[PDB]
Ligand SMILES: [Ca+2]
Ligand SMILES: [Ca+2]
Ligand SMILES: [Ca+2]
Ligand SMILES: [Ca+2]
Ligand SMILES: [Ca+2]
Ligand SMILES: [Ca+2]
Ligand SMILES: [Ca+2]
Ligand SMILES: [Ca+2]
Ligand SMILES: [Ca+2]
Ligand SMILES: [Ca+2]
Ligand SMILES: [Ca+2]
Ligand SMILES: [Ca+2]
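In structure tokens:
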């Protein structure tokens, strides 16, 4: 029982993309190759998100 | 396309100038043939008769309503008033820069600003803009989308406004459309056609909404003055330098308009 | 122990390498003009888009530059101070900007007993309080006043009157007797250490008038001193929110001090 | 052609009457002399000149000193006067007489200006075409001459180069000279007491240079101003060269 | 010279390497009242000079009560020794004061009328000081609805302090709270315990050793700077302090934060 709670504003997409690109530093080649070999599917992709 | 040059090779009358000035300048000069006198002096400097066009505006605010710069080179003598710093900065940002503008229909759609180069430019007799930010579910933040009295006011009976709101959030606008029109304008770059000469106080034009930058381009000049005759003699005598400061428009094409060309 | 400050760092010229808090100090004029109960909540929501999580942006309100200059406090990692230009308060703005933007190390100054002298160009006397009235009498090598009897304060040369914040600079290497009104004022002997990247100043209105150096031959305009033309406080706040990225990029939070005081006190 | 391999000076301080009136001390000159002595200036080397106003100071300012420091109190209504005075005392000028009653004058190049001083200088100019007839004015009738100054203690008039002019200066209380700006005068430095950093010492509109000899300080007490000057005298001197 | 970085420090285990400071002594008004001598500060200064402290280096600060002293205990001094009198009914007050003056706290502001607050770590507390603090908290579930309390009505909030001059609140970590501090008199800050403050030592003059400066109930560390003595005469207490100043200083150390090598590490 209260006035509708406005959902929080999410983020600016430009800066979101900037941070996402900046995350590329924390990537290990061998482990990334293993993750690429593992076939991500509708379950595996979204299970741990 | 690529333009290849050389860094060792030695490489060894058709333009119009427009002087925009306030009414009080002519009022003080008080000589019905002062424009003809200035034309002859420009001729002495090397400008054929009729190549210089004199335009009179009454005020900065009035001139700011859809400025119409129609020469190959334009020089705007803008007087200074300590209560009009933002108005002068807005006018300088409008004319010294090139804007790609599209129409905005506030009464139907919501709008947002894509990036730092995009703003809302409102012009008319009286612009009273109020804004209300919205969230993902189209509910106002700090305002009620239906009651415009709660909106946040960013202008008040302004002849010219260059409004900049937070990017990436929808807004609902309550700009008075009867006496004002608002457009979504993206700044492309510099308009080299026009130079501004502030005839007055300090150098205060901030033509960048970014708070960290207030660049002073070569086309933003300043002169102290006590006689408009002296101001105009200065402009005529140093016309060569002003033209060297300016450059011809590089804009490919835009809406057609009248021009004063040869 | 010393974080190895004495050791060197060798970096290469080729190898590719590729919750902070934000305080906003503003005058009461801004709140009055905004005239909204939840404008702080609105600005918090808008900052959330620029990436500052809720609970990280705080808004401090001060009645005037004069009042805010009375022992200003720096609370957040990034402190942005909006200063309203007033043509009659240029020196007050300069003094406040110097105090906040530059780090200071101050020692107590018991004036009823001791003569004091400025040592180098980095030393000043910073006095703060409700009303700081300072009269200085320089002394020659014999401890006699120069143009002022030591015993009588009416002959002392006034330097400040009923000022909230004073940064007094006198001739270095000469003793002074100060008849400072200690009832409502506290005066300390300070030294300027260096810039404080924690704090940035945004001046609304005006014509770029801020000298943050005692030296008259230098009026540096650092990257943290900014100016904007203004006619609506909503427009000013939207500008700050929309460009918080640039302001933070120009600032640096490593200067965050343990205490909120504008100066480091040493007894 | 010089080839290279890769305590004896006087200082003058020019202050307005307002400073002395505020200080309200009879021996402040002696106090500042002793302070300068501590700073390293032998007694008898620092002089203090007073001027009523910027307007009155602009009437033939004489700066006899190895180093000159002019404290100029800012006023928003007098920006042009401040700029004129600053240009006149910060640049070297080679001047020649002008006899408006006998000759028509023109300005050869960008360095040529007309500098006029006196109790009250009202200058009116009539440009003449190649045929020696007024443009927008009548040579016989001076009421049609265009007015470039009015009751000014100092004026630096610039007119279009290469056109003859007939002048109607009020020579009864003014004197006008044809001057050329040879360059900078490093002997003089100006400190602007308060203001907004507004000084255009170049007649060109595209240039408003801020040389090192032009300084500005925020102020609220003239004693603080003078103490600042004394304390940082070394920097002020280093900012300017030496000559008398 | 390389401030702000952490370069490894290398030293040898087989090499032999064959006054200027300032001391501040905080005591209650009861001590001065019992001593009943005007020149007692001068006498202690002379005795400290005998022990090796140049005159003018020993400051004597007087506080009326533990409760009053707890309100912003500013100790700016190379070495600080606080003689606090034990009271059986003030164990938590003594512990709070000791924690505040013996640990380093990095504090951020708290505007409880705009934000809910959660403590993210075991080192994060809410420290509130002032004339009268009355903290009342309402934990909120993931819907921002109070748990056992009503977000709209404060009277249903759960009270964790009442007219406290100083209090260090510790709520369950990771859960949002709505606070109802009496900000009209008391200010609350979100503080994080950086570590020990070597500048300050506290001597409890009275009952047993009850101070614990750790919120964790499983540990009640008794560090070097927490000392305890029995007493019947304040003159005897001060004589003990003067005579064993060397031991006290050796137990203490210069404040790490104020060392000129802490620049860009939360001081100088
Ligand atoms: Ca509203
Ligand atoms: Ca406008
Ligand atoms: Ca924007
Ligand atoms: Ca005196
Ligand atoms: Ca002040
Ligand atoms: Ca000094
Ligand atoms: Ca003049
Ligand atoms: Ca005429
Ligand atoms: Ca000329
Ligand atoms: Ca307590
Ligand atoms: Ca309950
Ligand atoms: Ca906890």
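Residue numbers (PDB author numbering), protein chains in the order written: chain B, 486 to 534; chain D, 57 to 68, 77 to 326; chain F, 51 to 68, 78 to 326; chain E, 58 to 63, 77 to 314; chain G, 51 to 68, 77 to 326. Built from N, CA and C at the ideal position, the CB exists for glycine as well.
Flag residue i as yes if its beta-carbon sits less than 8 Å from any beta-carbon of chain D, otherwise no.
{"i": "residue 503 of chain B", "result": "no"}
{"i": "residue 325 of chain F", "result": "no"}
{"i": "residue 288 of chain F", "result": "yes"}
Can a CB atom of chain F be found closer than 8 Å to the CB of residue i?
{"i": "residue 177 of chain G", "result": "no"}
{"i": "residue 260 of chain D", "result": "no"}
{"i": "residue 169 of chain G", "result": "yes"}
{"i": "residue 231 of chain D", "result": "yes"}
Does residue i get closer than 8 Å to chain G when you measure Cβ to Cβ?
{"i": "residue 53 of chain F", "result": "yes"}
{"i": "residue 271 of chain F", "result": "no"}
{"i": "residue 313 of chain F", "result": "yes"}
{"i": "residue 100 of chain F", "result": "yes"}
Is the closest heavy atom of ligand 6 to the C-beta of residue i under 7 Å?
{"i": "residue 216 of chain D", "result": "no"}
{"i": "residue 295 of chain E", "result": "no"}
{"i": "residue 123 of chain F", "result": "no"}
{"i": "residue 182 of chain F", "result": "yes"}
Is any heavy atom in ligand 8 found nearer than 7 Å to the beta carbon of residue i?
{"i": "residue 165 of chain D", "result": "no"}
Assuming the contact rule is C-beta atoms closer than 8 Å, residue i and residue j should be a hit. Round their C-beta distance to whole Å, please.
{"i": "residue 224 of chain G", "j": "residue 155 of chain G", "result": "7 Å"}
{"i": "residue 81 of chain G", "j": "residue 258 of chain G", "result": "The pair is not a contact, with the Cβ atoms about 12 Å apart (cut-off 8 Å)."}
{"i": "residue 153 of chain G", "j": "residue 246 of chain G", "result": "Actually they do not touch by this definition, with Cβ atoms about 19 Å apart."}
{"i": "residue 128 of chain F", "j": "residue 151 of chain F", "result": "7 Å"}
{"i": "residue 244 of chain F", "j": "residue 207 of chain F", "result": "Wrong, their Cβ atoms sit about 20 Å apart, outside the cutoff."}
With a threshold of 7 Å, establish whether the CB of residue i neighbours any heavy atom of ligand 4.
{"i": "residue 95 of chain E", "result": "yes"}
Can you find a C-beta in chain E that's less than 8 Å from the C-beta of residue i?
{"i": "residue 238 of chain F", "result": "no"}
{"i": "residue 186 of chain D", "result": "no"}
{"i": "residue 276 of chain F", "result": "yes"}
{"i": "residue 108 of chain D", "result": "yes"}
{"i": "residue 217 of chain F", "result": "yes"}
Sort the options by Cα distance to residue i and report the nearest one.
{"i": "residue 139 of chain D", "options": "D:120, D:148 and D:240", "result": "D:120"}
{"i": "residue 236 of chain D", "options": "D:292, D:123 and D:198", "result": "D:198"}
{"i": "residue 202 of chain E", "options": "E:241, E:180, E:227 and E:176", "result": "E:176"}
{"i": "residue 189 of chain G", "options": "G:195, G:130, G:141 and G:164", "result": "G:130"}
Would you say residue i reaches chain B, if we count a Cβ-Cβ gap shorter than 8 Å as a contact?
{"i": "residue 113 of chain F", "result": "yes"}
{"i": "residue 61 of chain F", "result": "no"}
{"i": "residue 149 of chain F", "result": "no"}
{"i": "residue 124 of chain D", "result": "no"}
For ligand 12, I want to know if residue i counts as a neighbour, meaning its beta carbon is within less than 7 Å of at least one of the ligand's heavy atoms.
{"i": "residue 267 of chain D", "result": "no"}
{"i": "residue 12 of chain G", "result": "With chain G covering only 51 through 326, there is no way to say anything about residue 12 of chain G."}
{"i": "residue 229 of chain G", "result": "yes"}
How about residue i: is its Cβ closer than 7 Å to a heavy atom in ligand 1?
{"i": "residue 207 of chain D", "result": "yes"}
Please tell me whether, using a cut-off of 7 Å, the distance from the CB of residue i to the nearest non-hydrogen atom of ligand 3 is below it.
{"i": "residue 177 of chain D", "result": "yes"}
{"i": "residue 157 of chain D", "result": "no"}
{"i": "residue 274 of chain D", "result": "no"}
{"i": "residue 270 of chain D", "result": "no"}
Quick one: is the Cβ of residue i within less than 7 Å of any heavy atom of ligand 9?
{"i": "residue 234 of chain E", "result": "no"}
{"i": "residue 263 of chain F", "result": "no"}
{"i": "residue 301 of chain D", "result": "yes"}
{"i": "residue 129 of chain D", "result": "no"}
Can you tell me whether residue i sits near ligand 5, meaning its C-beta is under 7 Å from at least one heavy atom of the ligand?
{"i": "residue 140 of chain F", "result": "no"}
{"i": "residue 150 of chain F", "result": "yes"}
Flag residue i as yes when its Cβ comes closer than 7 Å to any non-hydrogen atom of ligand 7, and as no otherwise.
{"i": "residue 225 of chain E", "result": "yes"}
Under 7 Å from any heavy atom of ligand 10, does the C-beta of residue i make it?
{"i": "residue 186 of chain G", "result": "no"}
Cβ pair count under 8 Å reaching 3, the region 87 to 99 of chain G against the region 84 to 100 of chain F: no
With three or more beta-carbon pairs closer than 8 Å as the criterion, would you say the region 221 to 233 of chain D touches the region 284 to 303 of chain F? yes
Flag this pair as touching only if the region 161 to 175 of chain G and the region 111 to 125 of chain F have three or more C-beta atom pairs under 8 Å; answer yes or no. yes
Spell out a yes or no on whether the region 212 to 224 of chain F and the region 263 to 271 of chain F are touching, meaning 3 or more CB-CB pairs, one atom from each, closer than 8 Å. no
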